[PDB]
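Chemist: For reference, the structure I am asking about is given below.
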Amino acid sequence: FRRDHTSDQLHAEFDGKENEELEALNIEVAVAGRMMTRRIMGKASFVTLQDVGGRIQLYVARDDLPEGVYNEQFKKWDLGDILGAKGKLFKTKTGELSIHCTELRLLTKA
């Protein structure tokens with residue numbers, strides 16, 4: 001659980017599997033850091049987050065647990081501080097590596 005978190009092991013694993021499966025094992029990753037892109041349409045949006053500057057994309061969604069401290073919240077992140085977060089790893093094109101932004105511990109760095 002670290003930063004657009006760990007997965008050396010699932011790319012080795014996740015990569016191939018069926019949904020059910022993808023899940024069965026599922027890791028909800030993210031963490032910290034910061035970024036710059038939003039992909040809004042009012043509610044549940046898609047964002048692109050990283051750290052130092054080499055991002056991955058997330059899926060800020062208010063579909064099941066219809067949270068906020070969202071994409072906007074994301075819009076809001078600054079510095080001094082930083083994010084702590086988790087989204088699920090899920091199907092971008094096949095069923096791997098994109099984040100599905102759901103629970104964030106987004107404030108501090110420190």
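Going by the structure tokens order, chains are called A, B, ..., each with residues numbered from 1, while ligands are numbered from 1 in the order shown.
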Would you list the contacts of range 39-43 of chain A as a PDB file with N, CA, C and O atoms, in the first residue's frame, taking every protein, DNA or RNA residue within 9 Å and counting only C-alpha atoms, but skipping same-chain residues closer than 5 positions in sequence?
Modeler:
ATOM      1  N   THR A  48      -5.762  11.801 -13.470  1.00  0.00           N
ATOM      2  CA  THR A  48      -4.450  11.181 -13.784  1.00  0.00           C
ATOM      3  C   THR A  48      -3.608  11.766 -12.690  1.00  0.00           C
ATOM      4  O   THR A  48      -3.460  12.984 -12.645  1.00  0.00           O
ATOM      5  N   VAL A  60     -12.198   8.056 -10.675  1.00  0.00           N
ATOM      6  CA  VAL A  60     -12.853   8.693  -9.528  1.00  0.00           C
ATOM      7  C   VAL A  60     -14.303   8.420  -9.733  1.00  0.00           C
ATOM      8  O   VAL A  60     -14.948   9.113 -10.487  1.00  0.00           O
ATOM      9  N   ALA A  61     -14.786   7.410  -9.068  1.00  0.00           N
ATOM     10  CA  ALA A  61     -16.214   7.149  -9.288  1.00  0.00           C
ATOM     11  C   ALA A  61     -17.119   7.093  -8.067  1.00  0.00           C
ATOM     12  O   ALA A  61     -16.799   6.552  -7.027  1.00  0.00           O
ATOM     13  N   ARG A  62     -18.255   7.693  -8.300  1.00  0.00           N
ATOM     14  CA  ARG A  62     -19.337   7.797  -7.284  1.00  0.00           C
ATOM     15  C   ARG A  62     -20.497   6.899  -7.731  1.00  0.00           C
ATOM     16  O   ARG A  62     -21.639   7.316  -7.759  1.00  0.00           O
ATOM     17  N   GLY A  68     -17.172  11.717  -2.459  1.00  0.00           N
ATOM     18  CA  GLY A  68     -16.777  12.973  -3.079  1.00  0.00           C
ATOM     19  C   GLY A  68     -15.336  12.776  -3.025  1.00  0.00           C
ATOM     20  O   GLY A  68     -14.917  11.863  -3.699  1.00  0.00           O
ATOM     21  N   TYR A  70     -13.070  13.269  -3.955  1.00  0.00           N
ATOM     22  CA  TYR A  70     -12.938  12.948  -5.375  1.00  0.00           C
ATOM     23  C   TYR A  70     -11.859  13.517  -6.239  1.00  0.00           C
ATOM     24  O   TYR A  70     -10.723  13.728  -5.879  1.00  0.00           O
ATOM     25  N   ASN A  71     -12.369  13.670  -7.395  1.00  0.00           N
ATOM     26  CA  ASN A  71     -11.717  14.204  -8.596  1.00  0.00           C
ATOM     27  C   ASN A  71     -11.585  15.671  -8.348  1.00  0.00           C
ATOM     28  O   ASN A  71     -10.714  16.326  -8.889  1.00  0.00           O
ATOM     29  N   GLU A  72     -12.444  16.166  -7.501  1.00  0.00           N
ATOM     30  CA  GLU A  72     -12.352  17.576  -7.293  1.00  0.00           C
ATOM     31  C   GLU A  72     -11.444  17.862  -6.177  1.00  0.00           C
ATOM     32  O   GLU A  72     -10.702  18.816  -6.110  1.00  0.00           O
TER      33      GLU A  72
END
Chemist: With a distance cut-off of 12 Å and only C-alpha atoms, select the neighbouring residues of range 77-83 of chain A, excluding the residue or stretch itself and same-chain residues fewer than 3 positions from it, and output the selection as a PyMOL selection string.
Modeler: chain A and resi 2-4+30-38+49-52+69-74+86+103-110
Chemist: Can you list, as a compact mmCIF listing (two decimals) with N, CA and C atoms, in the first residue's frame, all residues belonging to chain A that DSSP tags as helix (DSSP H, G or I)?
Modeler:
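After the write, out-v8.txt holds the following:
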# COMPACT_ATOMS: atom_id res chain seq x y z
N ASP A 8 4.40 -5.47 -8.51
CA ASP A 8 5.38 -6.29 -9.29
C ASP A 8 4.90 -7.74 -9.47
N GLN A 9 4.27 -8.21 -8.43
CA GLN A 9 3.70 -9.52 -8.28
C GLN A 9 2.42 -9.74 -9.06
N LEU A 10 1.60 -8.75 -9.18
CA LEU A 10 0.37 -9.04 -9.96
C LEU A 10 0.60 -8.77 -11.41
N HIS A 11 1.41 -7.83 -11.76
CA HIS A 11 1.55 -7.69 -13.21
C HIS A 11 2.01 -9.09 -13.61
N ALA A 12 2.74 -9.71 -12.72
CA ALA A 12 3.19 -11.04 -13.00
C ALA A 12 1.88 -11.87 -12.93
N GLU A 13 0.98 -11.57 -12.00
CA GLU A 13 -0.28 -12.35 -11.90
C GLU A 13 -1.58 -11.86 -12.60
N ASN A 19 -12.17 -11.51 -14.82
CA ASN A 19 -12.65 -10.51 -13.84
C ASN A 19 -12.74 -10.90 -12.37
N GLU A 20 -13.60 -11.85 -12.26
CA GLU A 20 -14.01 -12.53 -11.02
C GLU A 20 -12.86 -12.71 -10.08
N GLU A 21 -11.91 -13.14 -10.84
CA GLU A 21 -10.58 -13.50 -10.48
C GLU A 21 -9.81 -12.28 -10.09
N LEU A 22 -9.69 -11.40 -11.04
CA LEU A 22 -8.99 -10.11 -10.97
C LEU A 22 -9.19 -9.46 -9.63
N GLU A 23 -10.38 -9.75 -9.25
CA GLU A 23 -11.03 -9.34 -8.05
C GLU A 23 -10.79 -10.13 -6.79
N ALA A 24 -10.95 -11.38 -7.02
CA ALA A 24 -10.80 -12.45 -6.05
C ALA A 24 -9.55 -12.17 -5.29
N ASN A 71 -12.37 13.67 -7.39
CA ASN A 71 -11.72 14.20 -8.60
C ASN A 71 -11.59 15.67 -8.35
N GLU A 72 -12.44 16.17 -7.50
CA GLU A 72 -12.35 17.58 -7.29
C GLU A 72 -11.44 17.86 -6.18
N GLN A 73 -11.59 16.97 -5.29
CA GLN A 73 -10.82 17.00 -4.12
C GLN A 73 -9.46 16.94 -4.76
N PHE A 74 -9.33 15.98 -5.62
CA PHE A 74 -8.07 15.75 -6.38
C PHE A 74 -7.65 17.03 -7.04
N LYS A 75 -8.69 17.72 -7.41
CA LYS A 75 -8.42 19.03 -8.11
C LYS A 75 -7.76 19.98 -7.13
N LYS A 76 -8.19 19.82 -5.92
CA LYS A 76 -7.77 20.57 -4.79
C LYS A 76 -6.38 20.20 -4.29
Chemist: Go through A:102, A:89, A:95, A:28 and flag the residue nearest residue 64 in chain A, using only C-alpha atoms for the distances.
Modeler: A:102
Chemist: Smallest atom-to-atom distance to residue 92 in chain A: which of A:57, A:63, A:29, A:7, using only C-alpha atoms?
Modeler: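 Ranking A:57, A:63, A:29, A:7 by distance to residue 92 in chain A, first place goes to A:57.
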Chemist: Enumerate, as a ChimeraX atom specification, the complete set of residues in range 17-89 of chain A that a backbone-based DSSP assignment places in strand (DSSP E or B).
Modeler: /A:28,33-41,43-50,56-60,83,85-89
